[PDB]
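In what follows, a structure is listed as structure tokens, so that the remarks can point back to it.
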Protein chains: 2
Amino acid sequence: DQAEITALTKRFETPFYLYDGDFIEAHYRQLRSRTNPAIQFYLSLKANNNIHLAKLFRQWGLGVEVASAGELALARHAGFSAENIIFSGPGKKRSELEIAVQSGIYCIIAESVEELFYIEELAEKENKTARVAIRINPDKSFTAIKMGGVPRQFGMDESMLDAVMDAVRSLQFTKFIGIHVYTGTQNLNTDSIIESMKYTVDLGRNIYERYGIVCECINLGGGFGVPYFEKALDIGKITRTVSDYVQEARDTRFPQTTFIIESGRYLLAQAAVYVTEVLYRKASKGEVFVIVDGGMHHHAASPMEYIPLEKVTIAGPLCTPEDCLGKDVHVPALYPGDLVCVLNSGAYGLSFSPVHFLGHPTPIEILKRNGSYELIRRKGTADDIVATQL
Amino acid sequence: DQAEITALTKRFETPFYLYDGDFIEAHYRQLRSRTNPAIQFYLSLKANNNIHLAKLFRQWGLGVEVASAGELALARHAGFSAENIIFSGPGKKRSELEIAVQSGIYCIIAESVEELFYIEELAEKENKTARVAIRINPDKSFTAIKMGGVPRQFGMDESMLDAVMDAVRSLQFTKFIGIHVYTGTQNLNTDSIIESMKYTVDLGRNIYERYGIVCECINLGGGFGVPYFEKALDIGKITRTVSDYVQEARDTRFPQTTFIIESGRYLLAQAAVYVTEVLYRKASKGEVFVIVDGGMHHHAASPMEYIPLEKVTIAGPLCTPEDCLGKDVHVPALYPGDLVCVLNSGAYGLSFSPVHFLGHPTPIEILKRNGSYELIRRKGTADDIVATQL
Ligand SMILES: *Cc1c(COP(=O)(O)O)cnc(C)c1O
Ligand SMILES: *Cc1c(COP(=O)(O)O)cnc(C)c1O
């Protein structure tokens, strides 16, 4: 609603992120309703580090997937219980593993045998039983030319499962809880997702057949993409097919197994708009440039809507040609005071950007819900920048 | 010195930035000695926002070029006097212009006629005389196909000088102090720099001939690049030729004019190394991956040195394939504990990166000088992340 947005800029200084909390909830509940109850959704915190948004998901029953001790802290700030937190990452420091073990979370998802040994040492030191899952890099490709999967820095190749399981079994203070497969972000190929998830459920079966172990948790990953430029995923097909496959596993060998589908982008991308005001308008060498008050330092990832036709380039306030929101775009003439709205800015936005580049204040974040507006992140200050320097 | 670096990792937690302050000073003094004294060097703060490093340049007599009210604050923290601060930028908010006018800095470098009018309004409100310079986008190309310059969001086309000067003259509380030309960063073409600078000095002459005004300040910009992959600029030729050209102007129409050469990258790039420790080593689909504890969140821009041959990919600790320091690089086998050093990391490093992406602590920065080591930026904390959220 342009009228709503315009009215908001009178009370909140641009540039800012505006989140539609009503949409976030409806969008999530629609996904939840179509998915087998044995599958629990986990919010990927790296997609958006705002604890106020994370709290909403916590209240709805989602778990949270963190990738650092820092995110673990944010997750606790958001109220996620330890039993609903999993720790992923290819380069966890021992200090991070230490805090994770001390926190007694659902599980640390190990990505190397050496990591498993570190966890065991820490479990012994802390006199605790550390829960671990293993991230597997499938030896299968889900357009791909070569068979056998892709070389990745993440997890451990499926072919190394024997070595991995031998290690986990030898670590007396560690308990194996399951597996995790995540093939990448912004996946817009419906069948590739279904195939990967079914493959992961099958890996669970292989583990029982080869080791007699029943995975307590099978994390199917996800990487559900959202169209930015592109067709949307057939969420109905994914949820229906995977739910049926999971139920079959549930009705046989995995009656008490928790299945997880992780999501960052799909849950939040379309729920926010980045609102920026046009500051200046100029012509240069036959072209027209419109300079707005927001940019790369707030939304590096950067559809757009304009609030009051020509070829124009929309640039941010930074001193670099890279701060371009739109090059040679055709839109009605924009003038100082007009608002440029960047759509689908709810994921990989603020925290994905070089917030301190050129010293501009970080943007305000607003959450709209139940007919009200809540400030969920204050405007940054110069002191926020020098904090680590003084 | 590998021995030095190794010893430092015992006292300082990796990943961290290490700056050779002895080099910074020697490097600067060599540049200074070869340059006409009528030319003053200005540090571009956006290249590195550490006030402790900026202070060194302030002590040596350099001015500072800021691009936001935030950087203006940092400049004052570093001790730069108002008369040695200039404010650049294509999208300055009125609030930024207000603080700039209230600070009485050497000059605000305007990039539009509308900006000039805003400055005048503020000068009137604050009962002050605002000093302004104008950023000109030359109608000349300095390999380029088309003549006449390039369309840019920065400054005002040279062809609009009449309109610009008519505006400045009509603003009674504003004093015109000069011009500024900056063609871009990482310029490794020696002659293009010399040509641009001479062209800028000539613009000063044109302004006197057409308006009878003598520029108090002519900012030649710079954009001196440094080789990362490439041949180094012939600094000797640039300093000699431009110095002679400036002296000629000095001996005729511009006897008391301050000439400025700005630099960010050239002054700091080669003075720092980003030190990261190898955490894990693994093989995946026939390839070898080495995971280090530093990455994109600290040095997004990313030569490298290794401290104890194969084809290997060096990846950071982030949960994204984009966190790659080196792909398919040939280097002696790296193992956990080894150190990977990223060279020429002194400019566009930390503040140019998405520091809060995935919640890892910002890195420590160390300054080596006169045989000692000084901590110039403490390790980040989870509280630094939630500050704006609570
Ligand atoms: C980033 C990440 C996610 C979330 O991905 P989206 O594409 O945002 O849904 C899930 N799992 C892991 C292991 C991740 O690193
Ligand atoms: C970034 C910038 C500089 C510094 O550029 P370097 O390439 O780092 O020397 C100088 N002047 C302006 C106007 C800038 O925006």
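Following Swiss-Prot, chain B shows residues 4-145, 148-234, 237-309, 321-326, 336-417, kept in their order.
The header says X-ray crystallography, 1.6 Å.
Backbone N, Cα and C define each Cβ position, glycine as well.
Just one of B:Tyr324, B:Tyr362, B:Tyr375 is listed by Swiss-Prot for the same pyridoxal 5'-phosphate site as B:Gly228, B:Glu269, B:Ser270, B:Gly271, B:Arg272, and that one is B:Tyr375.
Sitting within 8 Å of the Cβ centre of B:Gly228, B:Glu269, B:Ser270, B:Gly271, B:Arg272, B:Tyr375, and not among those site residues for pyridoxal 5'-phosphate, are the Cβ atoms of B:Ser47, B:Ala50, B:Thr190, B:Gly227, B:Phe229, B:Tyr273, B:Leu274, B:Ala374.
In this structure the alpha carbons, written CA, of B:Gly271 (pyridoxal 5'-phosphate binding site) and B:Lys49 (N6-(pyridoxal phosphate)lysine) are 7 Å apart.
Its Cβ placed at the centre, B:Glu269 (pyridoxal 5'-phosphate binding site) has 26 other Cβ atoms within 10 Å.
Contact annotation for chain A: of the listed binding-site residues (B:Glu269, B:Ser270, B:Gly271, B:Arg272), none places its CB atom under 8 A from a CB atom of that chain. A simple way to gauge crowding: the CB of B:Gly271 (pyridoxal 5'-phosphate binding site) has 23 other CB atoms within 10 angstroms, across all the protein chains here. The secondary structure of B:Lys49 (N6-(pyridoxal phosphate)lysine), as reduced to three states from DSSP, is helical. Distance (Cα-Cα) between B:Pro326 and B:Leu336, which enclose 9 unmodelled residues in the deposited structure, is 13 Å. A sphere of 10 angstroms centred on the C-beta of B:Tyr375 (pyridoxal 5'-phosphate binding site) encloses 23 other C-beta atoms. Same-chain residues at least 6 positions away in sequence with a Cβ under 8 Å from that of B:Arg272 (pyridoxal 5'-phosphate binding site) are, in sequence order, B:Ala50, B:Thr190, B:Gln191, B:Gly228, B:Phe229, B:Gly230, B:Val231, B:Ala374, B:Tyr375.
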